[PDB]
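A structural walkthrough
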Amino acid sequence: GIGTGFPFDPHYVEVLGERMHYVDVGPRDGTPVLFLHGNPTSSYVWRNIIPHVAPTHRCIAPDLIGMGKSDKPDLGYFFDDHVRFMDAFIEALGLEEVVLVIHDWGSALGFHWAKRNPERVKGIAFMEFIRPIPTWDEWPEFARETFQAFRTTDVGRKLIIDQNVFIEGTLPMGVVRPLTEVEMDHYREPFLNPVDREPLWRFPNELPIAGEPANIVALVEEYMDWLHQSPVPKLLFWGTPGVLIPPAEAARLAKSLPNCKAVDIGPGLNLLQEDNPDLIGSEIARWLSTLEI
Ligand SMILES: [Cl-]
């Protein structure tokens, strides 16, 4: 079925004194497509979408600082930490104009960068992105208790850091189809050492849920407003029931956002890339052929 291997040559770039691993494939002459993963994934999540796009466009898929095959310094791994490291990563590869393909926390990165560099973003494909969740009722009920547990300095760290629940439990619960043992091992590899699991816990404590953290809420609201006011070509993927984006919200945004094409990928939760990579890749490639890049 959905291939579990990772047939990509490892690329490394030094960013603020640390090395960041990244996938780099495709032609070098045009505009490149930058793939940003989230929590608790790596560039491995893009492994079955990239081969659809590589024939025609450059694919760049970094592992976030502290995750995947990137270096893992002793940082707090707040959202701002990733913002600094991703700005410096984009400048280290001398990328001028890019097309964004962003998911989960990568979306919060991508969108934020796009707000600060409007002339440099030729297109944004996004899925299960970070939006402001006004109350806990807008969070899916089946996960509502668990993320509330995750957002505590005592119980949450025992779950995510000591017992590694975000990798062993939450991650498969974010995919409709079952993850194979090879896939689980690939996702487990960067966090075999518990001390390296700080990012797995800080991200859910950065989620803009119920107005906290206030700075993250403001930051996210700002680029959501910028998105509602930008003419950038937009491609939005959504699934049922979803996690961050329920179908109702996706439908709303499909009309409220300028130049927005929506694509229903079928059953999905949060890692839509794992439930229907074929459709996402084919749609991204066809969408890319319609841009002026
Ligand atoms: Cl999270």
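Residues numbered from 1 in each chain as written, not as in the entry; some residues may be left out. Heavy atoms only, no water.

Structure determination for this entry, per the PDB record, employed X-ray crystallography and reached 3.10 Å resolution.

**What about the UniProt feature "domain: AB hydrolase-1" in the protein?**
Those residues carrying the UniProt feature "domain: AB hydrolase-1" are residues 32–156 in this numbering. Helix makes up 34% of residues 32–156 and strand 19%. Its end C-alpha atoms lie 38 Å apart. (UniProt positions renumbered as here; feature names shortened; annotations may be inferred. Helix = DSSP H or I, 4+ residues; strand = E, 2+ residues; numbered from the N terminus.)

**Details of the nonpolar core**
Of all hydrophobic cores here, the largest spans 66 residues; its most connected members are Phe-89, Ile-124, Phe-126 and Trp-139. Within the second largest apolar cluster, 34 residues are counted, among which are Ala-54, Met-184, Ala-285 and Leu-291. (Core = buried A, V, L, I, M, F, W, Y, C linked by side-chain atoms within 4.5 Å. Buried < 20%, exposed > 50% of the residue type's maximum accessible area, 1.4 Å probe, protein only.)

**Observations concerning the layout of surface pockets**
Once rolled over the atoms, a probe with the size of a water molecule shows which space is left empty. The calculated volume of the largest pocket comes to roughly 330 Å³. If you trace the largest pocket, you find 23 residues lining it, with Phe-147, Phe-166, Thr-170, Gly-174 and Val-243 closest to the centre. Sorting the residues of the lining of the largest pocket by element identifies α4 (141–150), α6 (165–173) and α8 (198–206) as the ones contributing at least two each. Among the elements that make up the lining of the largest pocket, the one with the highest residue count is α6 (six residues). In terms of lining, the second largest pocket is formed by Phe-6, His-21, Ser-42, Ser-43, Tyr-44, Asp-63, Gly-68, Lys-69, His-186, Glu-189 and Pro-190. Taken together, the residues of the lining of the second largest pocket break down into three nonpolar, five polar and three charged. (1 Å grid on protein atoms, 1.4 Å probe; cavity = no way out; pocket = protein on both sides within 12 Å on 5 of 7 lines; lining within 4 Å. Points joined across faces, edges and corners; volume = space filled by probe spheres on them. Nonpolar A, V, L, I, M, F, W, Y, C, P; charged D, E, K, R; others polar.)

**Regarding helix α2 (residues 79–92)**
The end-to-end C-alpha separation of α2 is 20 Å, in line with the 20 Å expected for 14 residues at 1.5 Å each. Those residues of α2 that fall on the buried side of the exposure criterion are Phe-79, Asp-81, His-82, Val-83, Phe-85, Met-86, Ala-88, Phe-89 and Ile-90. Looking one or two places after α2, you find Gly-94, whose phi comes out positive at around 55 degrees. (Expected span 1.5 Å × (residues − 1).)

**Some remarks on the packing of helix α5 (residues 155–162) against α8**
Running from N to C, α5 and α8 point in directions that differ by 135 degrees, and their axes come no closer than 8 Å. As summarised for this structure, α5 and α8 are arranged oblique, according to the angle between their axes. Crossing angle aside, the handedness with which α5 passes α8 is right-handed. Residues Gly-156, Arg-157, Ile-160 and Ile-161 of α5 form the contact with α8, whose own contacting residues are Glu-198, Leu-200, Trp-201 and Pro-204. Across the contact of α5 with α8, the residue classes break down as five nonpolar, one polar and two charged. (Axes fitted to C-alpha atoms, helices over the stretch in contact; angles between N-to-C directions. Parallel < 35°, antiparallel > 145°, perpendicular 65-115°, else oblique. Left-handed = near helix turned anticlockwise from the far one by under 90°. Contact = heavy atoms within 4.5 Å.)

**Observations regarding the packing of α4 against α6**
At their nearest, the axes of α4 and α6 sit 12 Å apart, and the two run at 155 degrees to each other. Put simply, α4 runs roughly antiparallel to α6. Relative to α6, the crossing made by α4 is left-handed. In this structure, α4 uses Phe-142, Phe-147 and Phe-150 to contact α6, whose residues at the interface are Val-165, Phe-166, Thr-170 and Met-173. Here the residues of the contact of α4 with α6 are counted per class, giving six nonpolar, one polar and no charged.

**Structural notes on the pairing of strand β7 (residues 234–241)**
Summarising burial for β7: six of the eight residues are buried, a large majority. Here strand β6 (residues 121–129) pairs with β7 via four bridges, running parallel. Each residue of the ladder has a partner; that of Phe-126, found in β7, is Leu-236. Sheet topology places β7 next to strand β8 (residues 260–268); seven bridges connect them, and they run parallel. Among the inter-strand pairings, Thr-240 is bridged to a residue of β8, identified as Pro-267. At this point the chain moves from β7, through helix α10 (residues 247–256), to the parallel β8, and the crossover so formed is right-handed. (Pairing = 2+ DSSP bridges. Right-handed = clockwise from strand over helix to strand, strands pointing away.)

**What to know about the packing of aromatic side chains**
Scanning the model with the defined rule gives 16 aromatic pairs in all. Centre to centre, the rings of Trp-105 and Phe-203 are 5.6 Å apart; their planes meet at 40 degrees, and the pair counts as tilted. In this pair, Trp-105 sits in helix α3 (residues 105–116) while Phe-203 sits in helix α8, placing the two residues 98 residues apart along the sequence. The exposure class of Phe-203 is buried, given its relative accessible area of 1%. Ring centres of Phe-147 and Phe-150 lie 5.4 Å apart, and the angle between their planes is 75 degrees; this geometry places the pair in the edge-to-face category. (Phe/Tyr/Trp six-rings, centres within 6.5 Å; stacked < 30°, edge-to-face > 60°.)

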